[PDB]
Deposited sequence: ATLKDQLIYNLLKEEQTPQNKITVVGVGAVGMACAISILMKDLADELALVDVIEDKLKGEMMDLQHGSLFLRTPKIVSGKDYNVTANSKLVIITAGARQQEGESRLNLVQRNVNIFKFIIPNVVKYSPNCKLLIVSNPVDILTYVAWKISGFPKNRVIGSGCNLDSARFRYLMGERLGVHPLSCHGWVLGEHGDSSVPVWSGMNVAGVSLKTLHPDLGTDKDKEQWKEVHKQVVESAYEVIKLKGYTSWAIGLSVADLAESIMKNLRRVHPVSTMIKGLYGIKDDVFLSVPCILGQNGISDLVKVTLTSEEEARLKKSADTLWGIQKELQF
């Protein structure tokens, strides 16, 4: 008899399928930051990692496994083959001319998405890879999943950055500074000035010129500084990781724990704000065990509405010319 048999008496060997499994596809700076944030928040009983670079994939898995003593995630697996991702509740995609840069990530998705749906037909897909709004659509089209199970990170990072900048200007914690950046993720995002508040006190009600070019204090600059901070981080360190990883982990917690919290995420915006094309844009969504179960119908000004419609037309102009 072995030491294991001399020390431990086994009652049953009958192993079960993972109950709260998360898969992260792409183990770059974003993927690894999502991985550590998820592990530290104790959201999964199993974590699966996938990439094309075999050596860095094995190294990253081993480095996470060596930290098991300080974690509450008993199983960390990795592999090039998607059989390691079987029965995942949530799949996070962070793998990465502009129409050709869209097609560059599109042909990458032509392989990933069918391999993901094959082993986890009932999962929720969380898209992080850029252009997030186009690639969420691509993931939705290739998977054949209903709209609720295909979620784009969208304006989650934009809103988090906005609330941080809002907090700094008012000397208040970002948790107490409410503000929504919607529509197209990145440069063309829309700050919803009417909803910007502290303790239910509307900033536009107190300051009617809020976000307008004629505002003396220039509060519009809070949104400008979101765009500019993103370029600054890239210029200074070459990439963004911690902020995105923490925001993705926040989305994952709502999904995994079925919290039904409202988050600014990219969803099929068809039928809203005069949009008829199959486009994904950020609106506040209620997140839970079925993914996007509901969405908040935000009252937008004519100007905000026009910006959303223009973004939709631009995204459908690229999407129209895509090979599947």
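**Student:** What portions of the deposited sequence, indexed from 1, have no corresponding C-alpha atom in the structure?
**Tutor:** Hole in the chain trace, numbered from 1: 97-103.
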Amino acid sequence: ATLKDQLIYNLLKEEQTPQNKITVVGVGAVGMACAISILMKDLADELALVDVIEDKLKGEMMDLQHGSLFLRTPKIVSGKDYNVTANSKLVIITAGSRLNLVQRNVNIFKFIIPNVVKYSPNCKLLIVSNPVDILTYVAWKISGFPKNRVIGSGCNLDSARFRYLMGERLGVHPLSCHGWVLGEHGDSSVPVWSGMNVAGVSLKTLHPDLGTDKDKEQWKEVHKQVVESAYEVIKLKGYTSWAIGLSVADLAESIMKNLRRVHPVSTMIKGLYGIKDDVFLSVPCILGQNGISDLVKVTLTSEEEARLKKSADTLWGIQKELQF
From here on, numbers count along this sequence of modelled residues.
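We call the rigid core whatever largest set of C-alpha positions still superposes within 1.5 Å between the two forms.
**Student:** Quick check: by Cα RMS after rigid core superposition, does 119-127 or 219-227 differ more from this form in 9 other deposited structures of this protein?
**Tutor:** Stretch with the larger root mean square C-alpha distance in 9 other deposited structures of this protein: 219-227.
**Student:** Aligning on the core, I want to see which stretch wanders more in 9 other deposited structures of this protein. Is it 99-107 or 188-196 by C-alpha RMS?
**Tutor:** The stretch that sits farther from the shown form in 9 other deposited structures of this protein is 99-107.
**Student:** Averaging C-alpha B-factors over each stretch, which comes out higher, 207-215 or 76-84?
**Tutor:** Comparing 207-215 with 76-84, the higher mean C-alpha B-factor belongs to 207-215.
**Student:** Can you let me know which of the two, 103-111 or 130-138, has the higher average C-alpha B-factor in the entry?
**Tutor:** Comparing averages over the C-alpha atoms only gives 103-111.
**Student:** Say you rank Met268, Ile255, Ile36, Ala44 by Cα B-factor from the PDB entry; which sits at the top?
**Tutor:** Highest CA B-factor of the listed options: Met268.
**Student:** Check the PDB entry and point out which of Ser176, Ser97, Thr240, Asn156 has the largest C-alpha temperature factor.
**Tutor:** The record points to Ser97.
**Student:** Where does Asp250 sit by CA temperature factor within its chain: lowest, middle or highest third?
**Tutor:** Lowest third.
**Student:** When the modelled residues of the chain are sorted by Cα temperature factor, does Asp51 land in the lowest, middle or highest third?
**Tutor:** Its C-alpha B-factor belongs to the lowest third of this chain's values.
**Student:** Split the chain's modelled residues into thirds by Cα B-factor; is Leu64 in the lowest, middle or highest one?
**Tutor:** For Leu64, the deposited C-alpha B-factor lands in the lowest third.
**Student:** Place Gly28 in the lowest, middle or highest third of its chain's C-alpha B-factors, as listed in the PDB entry.
**Tutor:** It belongs to the lowest third of the chain when residues are ordered by C-alpha B-factor.
**Student:** Sorting the chain's CA B-factors, does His223 end up in the lowest, middle or highest third?
**Tutor:** Highest third - that is where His223 ends up once the chain's C-alpha B-factors are sorted.
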